Amino acid sequence: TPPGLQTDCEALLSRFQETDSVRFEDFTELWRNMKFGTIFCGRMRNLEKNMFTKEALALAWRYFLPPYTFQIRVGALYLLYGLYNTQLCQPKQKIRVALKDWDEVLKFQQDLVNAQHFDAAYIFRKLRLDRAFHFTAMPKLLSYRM
Amino acid sequence: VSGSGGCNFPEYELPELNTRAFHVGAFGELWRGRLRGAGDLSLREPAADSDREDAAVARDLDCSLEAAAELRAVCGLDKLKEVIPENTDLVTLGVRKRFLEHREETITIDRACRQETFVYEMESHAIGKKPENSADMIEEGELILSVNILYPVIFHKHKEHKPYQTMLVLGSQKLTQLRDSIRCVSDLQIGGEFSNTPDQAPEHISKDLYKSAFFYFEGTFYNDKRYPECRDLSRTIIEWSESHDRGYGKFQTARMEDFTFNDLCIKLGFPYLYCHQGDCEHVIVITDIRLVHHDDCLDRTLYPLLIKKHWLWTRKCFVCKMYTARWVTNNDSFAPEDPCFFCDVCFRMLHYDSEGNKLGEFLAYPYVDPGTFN
Amino acid sequence: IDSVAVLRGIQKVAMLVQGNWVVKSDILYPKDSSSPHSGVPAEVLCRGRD
Amino acid sequence: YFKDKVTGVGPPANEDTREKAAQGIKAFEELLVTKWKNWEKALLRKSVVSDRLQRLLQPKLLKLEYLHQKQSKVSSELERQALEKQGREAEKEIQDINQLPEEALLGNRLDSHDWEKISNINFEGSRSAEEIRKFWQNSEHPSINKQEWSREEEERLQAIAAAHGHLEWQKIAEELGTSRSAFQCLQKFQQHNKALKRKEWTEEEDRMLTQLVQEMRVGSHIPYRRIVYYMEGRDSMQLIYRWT
Amino acid sequence: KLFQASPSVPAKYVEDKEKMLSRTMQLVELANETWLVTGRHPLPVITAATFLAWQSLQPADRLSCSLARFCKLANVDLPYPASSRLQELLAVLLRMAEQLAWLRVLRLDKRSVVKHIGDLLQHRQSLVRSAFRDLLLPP
Amino acid sequence: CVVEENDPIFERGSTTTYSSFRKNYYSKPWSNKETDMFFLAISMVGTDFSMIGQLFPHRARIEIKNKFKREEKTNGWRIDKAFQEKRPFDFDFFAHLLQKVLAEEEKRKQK
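Residue numbers (the deposited numbering), protein chains in the order written: chain 1, 3 to 148; chain 3, 21 to 66, 76 to 110, 119 to 411; chain M, 305 to 354; chain 4, 149 to 392; chain V, 181 to 314, 356 to 360; chain W, 274 to 384.
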């Protein structure tokens, strides 16, 4: 895994805890200060940045696992949505989702729509409208050689 | 016998290392029933446009008819800041600065990514590839399967088997397609000897002399009988397995011209084994399986893709060191070592006079360099 | 059975004489065998028969 | 575990492998050529000198043992003194053989030596019999001039090669009087030769150059090695200008 | 069981019973004359001798093995002092090789000496005579 | 009937077996401070093997016997020196010193 991102995710997660509620206005206020979308352009665009954004999306969705608190769930969801929506590079790297992980998001979306959080459900509606998921049996690929 | 034991909800056997076997064919229906998945056309449009969003959302999910949710759009699109990663307290900024520092240390230009350009081009081959005709377009929800192989041994001897290729194939295609698409330089090798007459043209490569090729997937040996010359290599594997009580249950045999990838009840990540041309072996790994997307190639016949052709070092001529070799000598009269390599111009002058008379006693064979397919 | 496949295997073990196929000497005399009447090694029999 | 799923401590073998290996289809399992090491040079030198000294001593040692047996069997004193003198001569022979400098007992390149013995005993089956035979015949031998050229033999080399027709380099190397193997002077001849390169590019060759690109080119990188393999005469250095 | 190529033993370790018996007899005779049969149990000396013989018949694929590996392969309980007897016999063989000009030039060691056991046994008489001209007693 | 309580075992090939003819009675080794406390126990009690064995839970009677015999055969001068000096019979302080030696060896094993 990219070591530099394991710290950036935890650093930006502090501002996620700083949010008072889950309403998407907090993210619009955050964007003005923590412009996480800086490296999205960088000085060079190649497989380097491709693998960079791939691993970033992967390890960020990794923080969407059940044990994380609801606020962290909303934070990770919105972060991944913004990241995917800001991918101006040639390829459109879609987030990789495991089949097992397709159970938590179900009750998550149910609780979000039942709470009348229109923005919370509209964000996922737009994500689905973009077809931004890589349906895979496992979240990552691994080999036994090492 | 029907599909062997397997659940289409893959549960790990060893966490994150392997998964239980499952009927991959059901994935094409399971995930497409759990989600409609419609929209595999890239029909994204290039006012009335917002009226469609209203007439959709106001009845699907949102109850309010007011277009207040467009805050998301105006924030994401309009408020997007040709930028340098500086003037902010982020750790990704730090790692990007470290990467840029290491680049400015030695790296002079960005054109050192040919190894990455390989995968880049092999993936671009899958985007923007329109079909030949309407009757050739892939159907919605088509299952796609990826696969890796490890043929050679030329790589590090004192190291693991990392450097080789990965492939990609469609589920609806027949297994004969995957069989004939797999490329291995072993099939280009030629039998016999050539020292008697180097001008002899290759009469028949091993691709035709030995067409037998079979797969091994959970005790299911799929043979091929398209041509009358091939043979049943599975006759020895069943005999040697049933001769002694080795614990390996009975294996079921079948043909390849009537079996599809859907009925492959196999594990992902497990190092399966595929063999062809007698004993040539290839450790295979099914890494990932997913349905068709609106960004994949639309040509179904053109999709035994070799998505990652791993680099290979072609053997240079041992004499001149400026050309690729084609002949390996044996029992040479002057070669410092028996496995010497020679090219056309060097092989002739080595042991052949002006009119082509064989000089001295030696053996030689046509060395088809693996670079032929690379 | 196809003609080419038959013609392919027969050339491995049979050698042509006067338009007729004759089995190779080494096939009838494996290297571990000898003459049943004199005991000379099969290599000698291979040369003599050929 | 890399080779085969069946790789038990004792792995089996199929019948088709016999047919595959009988028709000379050696493709990959025999191209694992490796370089040498200093310890390997020392081991080869020790093994060859020991083989020669053993072949020299064995008859003398056997004759000394036979003389001991005879003097232990015979009883006459005159014959005893005769055999004692014979064993003293043999003793001095063994002594001057053991005290022989290690340059004369090296023989020549093609000297009679048991290569299988040195390969299986000394090298412990690390190097094949021929792999050490050739290495001692051409690569490792004091009769091989290790000094480099003086840019004064290539002219005579190519003159004799043109007078003979480039048929047998061995005779050319022997007549040139360089005291080096043919493969040692040919590497420099073909390095100084000019026929290796090509000249101004024609129009028909552009067709092949574009075909070899449309057929196996990859993105911004062009594998010019494939062109060098297919297109003769063109090296790797200046062949990139054909596409730059 | 090393004489037959049973399924439990790789074919590489198999050897001829007559040649192995002869080699072990020569080895134990060298031991007998060098005071390696007095006081010490015979079984360990015989095991060390037969192990050295089995090794010397094919040092290529057997020198890497050890006495314990050989005993396990042969399915025979190895005598405890077999290691000491093997070490003493290897030391005796080394001392003998020092007299042979070519072997003394080889500068062999406890491990690489096993392969040259043939030449040592061929001229064991003069070699042991010279070695005793420079006896054997407990360390 | 037993329900899988024992595991099969191969034992003796019924073939030529090694003639051990030896029973190596396991004897616990002797530590330096342990030997010192044993010497002072001798000096305090004398040559009564029963009392020494009683006050030595870490050792056995035969072990003390062999140790005393070896010290006599090897270090008889130290035996006589210890027998010359005397010290008030100590059964309680002897147990305290035994616990101290136990703690010392536990520390030495921790290191």
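Think of the CB as a built atom: it goes at the ideal place given N, C-alpha and C, for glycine as much as any other residue.
Per DSSP, the beta-bridge partners of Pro345 (chain M) are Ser338 (chain M). Residue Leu370 (chain W) holds the alpha-carbon nearest to the alpha-carbon of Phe329 (chain W) among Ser293 (chain W), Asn297 (chain W), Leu370 (chain W) and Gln357 (chain W). Between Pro407 (chain 3) and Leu349 (chain 3) the beta-carbon gap is near 5 Å, inside 8 Å, which marks them as a contact. A buried status is given to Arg101 (chain 3), since no fewer than 16 other beta-carbon atoms sit within 10 Å of its beta-carbon.
The residue from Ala228 (chain V), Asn255 (chain V), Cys245 (chain V) and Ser244 (chain V) with its alpha-carbon nearest to that of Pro261 (chain V) is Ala228 (chain V). A Cβ-Cβ separation of about 5 Å places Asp91 (chain 3) in contact with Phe120 (chain 1) under the 8 Å criterion.
Sequence-distant partners of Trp349 (chain 4) (beyond 5 residues in either direction) whose C-beta falls short of 6 Å from its own C-beta are missing from its chain.
Secondary structure at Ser267 (chain 4): helix, using DSSP grouped into helix, strand and coil. Per DSSP, the continuous beta strand (DSSP E) segment holding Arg98 (chain 1) begins and ends at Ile97 to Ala100. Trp325 (chain M) sits in a strand when the DSSP states are folded into three classes. Those residues of the segment 255-277 of chain V placed with their C-beta closer than 9 Å to a C-beta in chain W are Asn255, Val256, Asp257, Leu258, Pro259 and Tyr260, ordered along the chain. When Cβ-Cβ separations below 9 Å define contact, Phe150 (chain 4) makes contact with chain 3. Judged by pairs of C-beta atoms under 8 Å, the segment 128-148 of chain 3 does not touch the segment 106-126 of chain 1, as fewer than three such pairs exist.
Taking every protein chain shown into account, the CB of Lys304 (chain 3) has 16 or more other CB atoms within 10 angstroms, so this residue is buried.
For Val190 (chain 3), there is no enclosing alpha helix (DSSP H), since its DSSP letter is neither H nor E. In this structure, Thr129 (chain 3) lies near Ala58 (chain 1), with their beta-carbon atoms less than 9 Å apart. At the C-beta level, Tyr377 (chain 4) and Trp391 (chain 4) stay beyond 9 Å of one another. Taking each of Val21 (chain 3), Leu182 (chain 3) and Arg337 (chain 3) in turn and checking the Cα distance to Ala172 (chain 3), the smallest one comes out for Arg337 (chain 3).
The Cβ neighbour count for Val157 (chain 4), taken over all protein chains shown within 10 Å, is under 16; the residue is labelled exposed. The Cβ-Cβ distance between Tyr201 (chain 3) and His313 (chain 3) does not fall below 9 Å. The count of Cβ pairs closer than 8 Å, one atom from the segment 208-219 of chain 3 and one from the segment 235-248 of chain 3, stays below three, leaving the stretches out of contact. Within the same chain, and ignoring the five residues on either side of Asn38 (chain 3) in sequence, the residues whose Cβ sits closer than 8 Å to its Cβ are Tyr32, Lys304, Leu305, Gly306 and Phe307. Separation of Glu266 (chain 3) and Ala309 (chain M) (C-alpha to C-alpha, rounded to the nearest whole angstrom) is 5 Å. A distance below 9 Å separates the beta carbons of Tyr311 (chain 3) and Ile321 (chain 3).
Chain-order list of chain 3 residues neighbouring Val344 (chain M): empty, with the shortest C-beta distance near 28 Å, by a criterion of under 7 Å. Excluding the 5 residues flanking it on each side, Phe367 (chain W) has same chain C-beta neighbours closer than 7 Å at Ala314 and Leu328, in chain order. Pairing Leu258 (chain 4) with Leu396 (chain 3) gives a Cβ-Cβ distance that is not under 9 Å. About 6 Å separates the Cβ atoms of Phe254 (chain 3) and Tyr309 (chain 3), confirming a contact at the 8 Å cut-off. Near chain V, meaning a CB-to-CB distance below 9 Å, the residues of the segment 281-311 of chain W are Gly286, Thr288, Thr289, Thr290, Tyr291, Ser292, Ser293, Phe294 and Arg295. Chain-ordered, the chain 1 residues with CB closer than 8 Å to the CB of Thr39 (chain 3) read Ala139 and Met140. The three-state secondary structure of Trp277 (chain 3), taken from DSSP, is helix. Chain order gives the chain 3 residues near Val308 (chain M) as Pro265 and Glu266, where near means a beta carbon separation below 9 Å.
In the three-state reduction of the DSSP assignment, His369 (chain 4) falls in the strand class, which pools E and B.
According to the DSSP secondary-structure assignment, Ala401 (chain 3) is paired through a beta bridge with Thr366 (chain 3).
Under the three-state reduction of DSSP output, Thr165 (chain 4) falls in the helix class. Taking a C-beta distance under 9 Å as the contact criterion, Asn255 (chain V) and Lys199 (chain V) do not qualify as a contact pair.
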